[PDB]
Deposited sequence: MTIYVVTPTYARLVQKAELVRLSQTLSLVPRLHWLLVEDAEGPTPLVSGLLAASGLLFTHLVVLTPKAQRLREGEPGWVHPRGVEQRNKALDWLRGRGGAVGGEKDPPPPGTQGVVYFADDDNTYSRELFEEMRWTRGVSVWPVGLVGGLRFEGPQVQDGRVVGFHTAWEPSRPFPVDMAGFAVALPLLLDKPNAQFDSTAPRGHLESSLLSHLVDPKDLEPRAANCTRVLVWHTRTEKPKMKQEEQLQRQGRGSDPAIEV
C-alpha cells in the first residue's frame, strides 16, 4: 500500500530547513511517494536540488497562488489533479497511478512534525481515516472521540460548527475514493477553518470515519510552526556591502 504525501511548499527563509527535516523523516517510511508542490512561477533550483538528492520516490509539481487567507489550497488541488491524470509534473515520476491502484493520500504541510509510526497507521485506510493531532486548534491535542471502535464525537473547541473539526494533518484518504469522487477538492472560498470539511464532505459522513492510532488515544503528529528568523543584522550588513554570500544556499 503506497502512501502519497501531498506537501505544498513556498520559498521563504526557513524553507530548506523545513524540507530537509521533513524529507529526512520521510526517508524512514517504505512505499512512500512524495508529491511536492511548489507555490512558484516554475520549478526552483533549491527544491529541484533537494528532491534529486533526497533519494525519495517523488513527483515535483508547481502552481502559483493568486479576507480569509487560505494556505496551500491551489497546491493541494494541483496534486489531486495530477493523481486524476490531468498531468502537471516537472520532475520525478511523471505518470500518476492508473485507476484501480490501491493507496492512501495524506496532506502534510511542510512545517508539522510527523512520527514514522503515523504512516503505518494510515496505510490501511478504506475510505477516510482519522487520529488526534497535537498542539492544534488552541488545544494540547484535538481529536475524535471513540467509542466501540467508532467515532461518536470530537474533542475540539474552536469553530465547533465544522462537520469535521479536524486539522489537515489529522486524516488520510483512500486513493480509489478520491478518483471515485472527482468533485472532491479543497474550497479556497471556504471560511477560515472549514478547509478540511470542504474536501471531506464530498467523501464521507463523520460517523463513517476510521479511527486509527489505538482508537485515537495516541498523538502521532504535531502542528508545529517555525519562528520567522530575525534579520535586522543581515539588513545592516547589506547596506555596508557585506551581506551574507547569496551564492551560498540557506
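Which parts of the deposited sequence lack C-alpha coordinates? Sequence range with no C-alpha atoms is 67 to 77 alone.
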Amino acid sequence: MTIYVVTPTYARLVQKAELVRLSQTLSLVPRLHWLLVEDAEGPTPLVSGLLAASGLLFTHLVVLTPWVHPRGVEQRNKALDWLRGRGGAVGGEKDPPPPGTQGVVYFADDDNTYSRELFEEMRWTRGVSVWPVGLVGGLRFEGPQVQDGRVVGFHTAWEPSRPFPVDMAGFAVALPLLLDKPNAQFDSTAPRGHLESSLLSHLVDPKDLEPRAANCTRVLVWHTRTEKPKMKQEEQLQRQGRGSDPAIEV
From here on, numbers count along this sequence of modelled residues.
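Can you let me know which of the two, 187 to 195 or 56 to 64, has the higher average C-alpha B-factor in the entry? Looking at the recorded C-alpha B-factors, 187 to 195 comes out higher on average.
Select between 110 to 118 and 156 to 164 the stretch whose C-alpha atoms have the higher average B-factor in the entry. Of 156 to 164 and 110 to 118, the stretch with the higher C-alpha B-factor average is 156 to 164.
Which listed residue, 225, 218, 69, 33, has the largest C-alpha temperature factor in the record? If I rank 225, 218, 69, 33 by C-alpha B-factor, first place goes to 69.
What's the residue among 176, 132, 137, 87 with the greatest CA temperature factor in the PDB record? In the PDB entry, the greatest C-alpha B-factor among 176, 132, 137, 87 is found at 87.
Give the position of residue 78 by CA B-factor within its chain, expressed as the lowest, middle or highest third. It belongs to the middle third of the chain when residues are ordered by C-alpha B-factor.
Taking the chain's C-alpha temperature factors as the reference, tell me which third residue 49 falls into: lowest, middle or highest. Lowest third.
Where does the C-alpha B-factor of residue 11 rank in its chain, lowest, middle or highest third? Residue 11: CA B-factor falls in the middle third of its chain.
Residue 99 - Cα temperature factor, lowest/middle/highest third of chain: Highest third, going by the recorded CA B-factors of the chain.
Of the three thirds of its chain by CA temperature factor, lowest, middle or highest, which one includes residue 248? Residue 248: CA B-factor falls in the middle third of its chain.
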